[PDB]
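The next block is query11.pdb, given as PDB, C-alpha atoms.
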```
MODEL        1
ATOM      1  CA  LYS A   1      67.944   2.264   9.212
ATOM      2  CA  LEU A   2      64.431   2.382   7.982
ATOM      3  CA  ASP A   3      63.176   3.349  11.409
ATOM      4  CA  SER A   4      65.800   6.148  11.619
ATOM      5  CA  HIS A   5      64.932   7.516   8.171
ATOM      6  CA  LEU A   6      61.305   7.552   9.006
ATOM      7  CA  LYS A   7      61.866   9.307  12.377
ATOM      8  CA  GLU A   8      64.142  12.009  10.793
ATOM      9  CA  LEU A   9      61.748  12.839   7.962
ATOM     10  CA  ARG A  10      58.740  12.855  10.221
ATOM     11  CA  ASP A  11      60.438  15.216  12.753
ATOM     12  CA  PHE A  12      61.225  17.559   9.940
ATOM     13  CA  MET A  13      57.699  17.608   8.488
ATOM     14  CA  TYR A  14      55.914  17.644  11.841
ATOM     15  CA  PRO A  15      57.772  20.253  13.841
ATOM     16  CA  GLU A  16      54.835  20.850  16.430
ATOM     17  CA  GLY A  17      54.242  17.039  16.501
ATOM     18  CA  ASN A  18      50.574  17.155  15.443
ATOM     19  CA  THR A  19      50.256  18.842  12.146
ATOM     20  CA  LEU A  20      51.893  18.342   8.814
ATOM     21  CA  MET A  21      53.614  21.652   8.088
ATOM     22  CA  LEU A  22      54.113  22.696   4.519
ATOM     23  CA  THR A  23      55.118  26.325   5.102
ATOM     24  CA  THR A  24      57.942  27.606   7.198
ATOM     25  CA  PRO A  25      56.300  28.794  10.469
ATOM     26  CA  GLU A  26      58.456  31.890  10.404
ATOM     27  CA  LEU A  27      57.249  32.734   6.960
ATOM     28  CA  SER A  28      53.630  31.998   7.694
ATOM     29  CA  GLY A  29      53.767  34.446  10.562
ATOM     30  CA  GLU A  30      55.188  37.192   8.325
ATOM     31  CA  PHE A  31      52.451  36.748   5.676
ATOM     32  CA  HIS A  32      49.823  37.213   8.282
ATOM     33  CA  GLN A  33      51.532  40.302   9.665
ATOM     34  CA  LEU A  34      51.954  41.852   6.233
ATOM     35  CA  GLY A  35      48.264  41.218   5.365
ATOM     36  CA  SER A  36      47.174  42.911   8.524
ATOM     37  CA  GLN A  37      49.331  45.985   7.937
ATOM     38  CA  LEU A  38      48.027  46.350   4.314
ATOM     39  CA  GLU A  39      44.477  46.273   5.517
ATOM     40  CA  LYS A  40      45.227  49.219   7.845
ATOM     41  CA  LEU A  41      46.934  51.122   5.011
ATOM     42  CA  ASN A  42      43.847  50.589   2.743
ATOM     43  CA  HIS A  43      41.539  52.070   5.475
ATOM     44  CA  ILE A  44      43.581  55.138   5.893
ATOM     45  CA  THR A  45      43.562  55.628   2.087
ATOM     46  CA  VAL A  46      39.812  55.222   1.735
ATOM     47  CA  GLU A  47      39.252  57.487   4.688
ATOM     48  CA  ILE A  48      41.359  60.334   3.133
ATOM     49  CA  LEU A  49      39.714  60.002  -0.366
ATOM     50  CA  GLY A  50      36.345  60.045   1.229
TER
ATOM     51  CA  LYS B   1      48.751  61.555   8.246
ATOM     52  CA  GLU B   2      50.760  64.109   6.412
ATOM     53  CA  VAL B   3      48.380  64.045   3.485
ATOM     54  CA  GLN B   4      45.502  64.613   5.904
ATOM     55  CA  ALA B   5      47.293  67.707   7.215
ATOM     56  CA  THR B   6      47.643  69.061   3.724
ATOM     57  CA  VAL B   7      43.937  68.567   3.071
ATOM     58  CA  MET B   8      43.223  70.463   6.201
ATOM     59  CA  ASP B   9      45.392  73.467   5.217
ATOM     60  CA  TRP B  10      43.657  73.621   1.827
ATOM     61  CA  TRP B  11      40.232  73.779   3.467
ATOM     62  CA  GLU B  12      40.990  76.349   6.349
ATOM     63  CA  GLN B  13      43.489  78.672   4.467
ATOM     64  CA  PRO B  14      45.064  80.001   7.747
ATOM     65  CA  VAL B  15      47.273  82.578   6.029
ATOM     66  CA  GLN B  16      44.188  85.094   5.884
ATOM     67  CA  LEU B  17      44.529  85.888   9.733
ATOM     68  CA  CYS B  18      48.230  86.592   9.710
ATOM     69  CA  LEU B  19      48.004  90.516   9.263
ATOM     70  CA  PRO B  20      45.146  91.800  11.569
ATOM     71  CA  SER B  21      46.167  95.515  11.748
ATOM     72  CA  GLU B  22      46.169  96.058   8.049
ATOM     73  CA  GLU B  23      43.397  98.340   6.915
ATOM     74  CA  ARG B  24      42.139  98.813   3.484
ATOM     75  CA  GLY B  25      39.198 101.143   2.671
ATOM     76  CA  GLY B  26      39.285 102.164   6.440
ATOM     77  CA  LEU B  27      38.432  98.505   7.555
ATOM     78  CA  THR B  28      40.505  95.327   8.507
ATOM     79  CA  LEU B  29      40.082  91.901   6.606
ATOM     80  CA  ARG B  30      38.195  90.530   9.485
ATOM     81  CA  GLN B  31      35.854  93.454   9.263
ATOM     82  CA  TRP B  32      35.446  92.956   5.683
ATOM     83  CA  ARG B  33      34.724  89.213   6.253
ATOM     84  CA  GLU B  34      32.299  90.128   8.882
ATOM     85  CA  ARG B  35      30.633  92.543   6.535
ATOM     86  CA  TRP B  36      30.498  89.813   4.018
ATOM     87  CA  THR B  37      29.080  87.229   6.501
ATOM     88  CA  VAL B  38      26.328  89.838   7.544
ATOM     89  CA  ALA B  39      25.493  90.570   4.024
ATOM     90  CA  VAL B  40      25.436  86.869   3.079
ATOM     91  CA  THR B  41      23.267  86.138   6.047
ATOM     92  CA  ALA B  42      20.869  89.099   5.105
ATOM     93  CA  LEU B  43      20.632  87.885   1.570
ATOM     94  CA  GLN B  44      19.934  84.383   2.667
ATOM     95  CA  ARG B  45      17.165  85.770   5.089
ATOM     96  CA  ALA B  46      15.566  87.939   2.269
ATOM     97  CA  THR B  47      15.788  85.370  -0.315
ATOM     98  CA  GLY B  48      13.692  83.137   1.852
ATOM     99  CA  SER B  49      16.447  81.092   0.848
ATOM    100  CA  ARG B  50      16.730  79.254   4.067
ATOM    101  CA  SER B  51      20.073  78.048   3.901
TER
ENDMDL
END
```

Encoded form (structure tokens):
Amino acid sequence: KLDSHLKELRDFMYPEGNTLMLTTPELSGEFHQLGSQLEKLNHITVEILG
Amino acid sequence: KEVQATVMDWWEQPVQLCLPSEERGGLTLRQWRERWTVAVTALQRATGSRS
């Protein structure tokens, strides 16, 4: 039982087997994408004001 | 991109070239602009004021 509990919790926390994951990978990917798109929008804005 | 287009329209004012055959004082707008450009250029040459 102890071995099973340990294996289940570990599988959940280490989805890619090597790294403890605190954020949902799907969410982490979206944050990065949103940050990149905002940086582009800020360039276009600066360029037009200039 | 749309805002950039608006900025462009404000700077070029394209509506001034829409009636070419219209004469006022015996000359067209273009002719008047040309007269203006020659005069502005002559003034700028006299007034040493190198633009």

*Which residues match the ChimeraX specification (/A :<9) & /B in the file above, as a ChimeraX atom specification?*
/B:1,3-4,7

*asked:* Quick check, in Å to one decimal: how far apart do atom CA of residue 31 of chain B and atom CA of residue 47 of chain B lie?
replied: 23.7 Å

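Taking atom CA of residue 37 of chain B and atom CA of residue 49 of chain B as endpoints, the distance between them is 15.1 Å.
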
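One finds atom CA of residue 20 of chain B at 22.1 Å from atom CA of residue 8 of chain B.
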